[PDB]
Amino acid sequence: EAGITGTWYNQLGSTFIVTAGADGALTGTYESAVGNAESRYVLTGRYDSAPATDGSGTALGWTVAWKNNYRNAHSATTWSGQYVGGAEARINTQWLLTXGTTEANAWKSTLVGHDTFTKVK
Amino acid sequence: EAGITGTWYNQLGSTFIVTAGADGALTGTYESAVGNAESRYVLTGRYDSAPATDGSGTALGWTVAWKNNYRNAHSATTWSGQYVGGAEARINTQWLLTXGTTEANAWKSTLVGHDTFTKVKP
Ligand SMILES: O=C(O)CCCC[C@@H]1SC[C@@H]2NC(=O)N[C@@H]21
Ligand SMILES: O=C(O)CCCC[C@@H]1SC[C@@H]2NC(=O)N[C@@H]21
């Protein structure tokens, strides 16, 4: 899926590089502009490979665990969202970032936010 | 890693079958007991393959897009959470289910909830 496949940036200046496979897979790398992160992290996810043709977005999501060969934040973010095609293509998401915690600190394990991604072209 | 790998069930009786690669990959299938869903769906995700040394949980997350050979709900769920090992291992998660919508209806595109998984068969 050519629509989704490519390089994307969000409002924070973070970079998402993705390939959308015919079987519904998302694969690529994510670089965050912020937080306890440096360089590129592996991402994996899924997308609706037979969307409605109806002026609806394409549902998708992906996960980054924030461990690479440079740093380990002991945390993972999932972005859940939809892809909106056309000339000014966007991925509108909400996200959940969970950090590994003790049982006593589990109530404060999870941040929530929203990122909007613009495709670079 | 052996602890996350296995067959889990949540409070709804959904079945989450997963394998944790040495490297950080999660790969498996998900069968939901509820919603616009039947049979198994492909899932992939990631987890911290070197968790902290202080008895913290293991951060992890995965996605399912709700299309398989039977059905397509035009929606995707991501679970974000942590694995907590020991005697009664648990994966405690919060999730976001986004349905494809018009931009008009984008405000009402995303459900949020919370699932807890154990390896006890319903
Ligand atoms: O600090 C961490 O634990 C890891 C980096 C987190 C960066 C987050 S993920 C959601 C939000 N979107 C971004 O592009 N960066 C932040
Ligand atoms: O109805 C849909 O669009 C697809 C199925 C959604 C099932 C959800 S995912 C979150 C929650 N946890 C489950 O095990 N089932 C529901």
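### So, unusual backbone geometry
If a residue is not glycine, its phi is most likely negative; likewise, a peptide bond is most likely trans. Phi is positive for A:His74, which is not a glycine, with a value near 55°. Within the secondary structure layout, A:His74 lies in strand β6 (residues 72-84). Even without a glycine there, the phi angle at B:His74 is positive, about 55°. Among the secondary structure elements, B:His74 is positioned in strand β6 (residues 72-84).

### Some points on the site of ligand 1
Residues and elements named next belong to chain A. Surrounding ligand 1, one finds 17 residues, the nearest of these being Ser14, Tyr30, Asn36, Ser75 and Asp115. Look at ligand 1: alone it shows 420 Å² of surface, and the protein chains cover 91% of it. Elements represented by at least two residues in the shell around ligand 1 include exactly β6 and β7 (90-99). For the shell around ligand 1, the leading source of residues is β6, giving four residues. Looking at side-chain class alone, the shell around ligand 1 contains nine nonpolar, seven polar and one charged residues.

### Some details on the site of ligand 2
Residues and elements named next belong to chain B. Around ligand 2, the structure places 17 residues, and the nearest of them are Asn10, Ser14, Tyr30, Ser75 and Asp115. In this structure, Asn10 approaches ligand 2 through a side-chain N or O atom, which is 3.0 Å from an oxygen atom. Within the contact set of ligand 2, an oxygen atom lies 2.7 Å away from a side-chain nitrogen or oxygen of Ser14. In isolation ligand 2 exposes 420 Å². Once the protein is present, 91% of that is buried. Elements that contribute at least two residues to the shell around ligand 2 include exactly β6 and β7 (90-99). No other element matches β6, which puts four residues into the shell around ligand 2. Split into classes, the residues belonging to the shell around ligand 2 amount to nine nonpolar, seven polar and one charged.

### Side note on the pattern of salt bridges
All names here are of chain B. Applying the stated criterion across every chain, the model contains three salt bridges over all chains. The closest approach of N and O atoms between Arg71 and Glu38, which form a salt bridge, is 2.8 Å. Within this pair, whereas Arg71 is found in the loop between β5 (58-67) and β6, its partner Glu38 is found in the loop between β3 (25-31) and β4 (41-47), the two being separated by 33 residues in sequence. On the basis of relative accessibility, which here comes to 32%, the residue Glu38 falls in the partly exposed class.

### Concerning the UniProt feature "binding site: biotin" in chain A
In this structure's numbering, the residues bearing the UniProt feature "binding site: biotin" are A:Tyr30, A:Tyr41, A:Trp79, A:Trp95 and A:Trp107. Maximum C-alpha separation among the annotated residues is 27.0 Å over a sequence range of 78 residues, too wide for a single clustered spot. Setting aside anything within four residues of it in sequence, one finds A:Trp79 in contact with A:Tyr30, A:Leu60, A:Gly61, A:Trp62, A:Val64, A:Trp66, A:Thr93, A:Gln94, A:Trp95, A:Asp115, A:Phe117 and B:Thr78. According to the relative accessible area criterion, A:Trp95 is buried, its value standing at 16%. Beyond its immediate sequence surroundings of up to four residues, A:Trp95 is in contact with A:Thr77, A:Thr78, A:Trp79, A:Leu111, A:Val112, A:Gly113, A:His114, A:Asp115 and B:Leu96.

Criteria and cut-off values
Residues numbered from 1 in each chain as written, not as in the entry; some residues may be left out. Chains lettered and ligands numbered in written order. Heavy atoms only, no water. Residues with missing side-chain atoms left out of burial classes, pairs and counts. Helix = DSSP H or I, 4+ residues; strand = E, 2+ residues; numbered from the N terminus. Near = heavy atom within 4 Å. Areas by Shrake-Rupley, 256 points an atom, 1.4 Å probe, with all protein chains shown as cover. Nonpolar A, V, L, I, M, F, W, Y, C, P; charged D, E, K, R; others polar. Polar contact = N/O pair within 3.5 Å; in protein donor to acceptor, adjacent residues only side chain to side chain. Salt bridge = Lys/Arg side-chain N within 4 Å of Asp/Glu carboxyl O. Buried < 20%, exposed > 50% of the residue type's maximum accessible area, 1.4 Å probe, protein only. UniProt positions renumbered as here; feature names shortened; annotations may be inferred. Contact = heavy atoms within 4.5 Å.

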